[PDB]
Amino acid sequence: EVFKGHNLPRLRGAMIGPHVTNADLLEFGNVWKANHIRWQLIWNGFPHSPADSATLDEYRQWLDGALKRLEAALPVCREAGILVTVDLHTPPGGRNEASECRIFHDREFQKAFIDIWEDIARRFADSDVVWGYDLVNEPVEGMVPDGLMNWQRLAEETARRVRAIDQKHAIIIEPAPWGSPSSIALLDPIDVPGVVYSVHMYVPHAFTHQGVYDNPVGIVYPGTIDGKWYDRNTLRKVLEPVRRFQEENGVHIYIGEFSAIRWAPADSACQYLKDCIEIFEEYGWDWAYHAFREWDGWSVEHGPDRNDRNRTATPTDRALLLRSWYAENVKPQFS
């Protein structure tokens, strides 16, 4: 009697890139056996985007184009046997220099967030391919001015308005800040039916994002990282607040993103992914790997060398791992 919003044993799939082709989607569903994608409505990049300096009109125009492609892709997902998370990855107003979302700071953008979600919910209310609405990717509040809602309140209000329109789909809520496992302890369950909670798993960043941003390379997993021993048991500890939230509240958990950079040493990335998935599976969590055919750093079709941008000639251990899990999937049945 825990609400999932689908009738399958498990959703296992991946984030896709905004330029994913119809052929890519058909291959992923029919050949790789994924039954799920997270569709990111992203304006170029994250956490920084042109949205950060765009007017509301400019933002709405961009989003209209992004939604048009999503809508066109849904029949292809149906043929691929894939259920879709609609992820608002770049919200109206974008983020400030500290990566805090303007939906928490500016009345126009806060109101627009709600209005936009009402429009999205109206567009997809009848879709059997859409699974859920992930209201905002990795929310970060910073300071919230008097007279504006923080994330706890904005999520609740937005969820209420979406649920008024749509009687079928999951509403997927990530905790602030950053959708991090630790942040789930800061979120109170929202009093709207059909809510699924979601976190992203990249802990520890020194490992999963080695050789990205300012982070050094050469960090082995399992191993000592940030002066602490990291292995599957450490990952269980990281995820404990999420397991507690699940069990205490009788709610479903979705891992919207998890990854480890492809050029981590030896089989470290593969072992990290394996350990994550095993934990998710024990707890019955649905999941999306980050990412299929997006940035090549997160690609299981690319190899161990940071300076090589070419696909590998033969399957990587990470790709074999993902397909071994996708092979457990049941496909959605459509009318």
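Counting begins at 1, following the sequence as shown.
Note on 148-156 vs 207-215: mean CA B-factor is higher in 207-215. Averaged over their C-alpha atoms, the temperature factors of 102-110 and 196-204 are higher for 102-110. If you compare the C-alpha temperature factors of 138, 257, 134, 188 in the entry, 188 comes out highest. In the PDB entry, a CA B factor belonging to the lowest third of its chain's modelled residues is recorded for residue 179. Remark: residue 248 belongs to the highest third of its chain, ranked by C-alpha B-factor as recorded. Residue 294: CA B factor lies in the middle third for its chain, per the PDB record. For residue 85, the recorded CA temperature factor ranks within the lowest third of the chain's modelled residues. In this PDB entry, residue 164 carries a Cα temperature factor that places it within the middle third of its chain's modelled residues.
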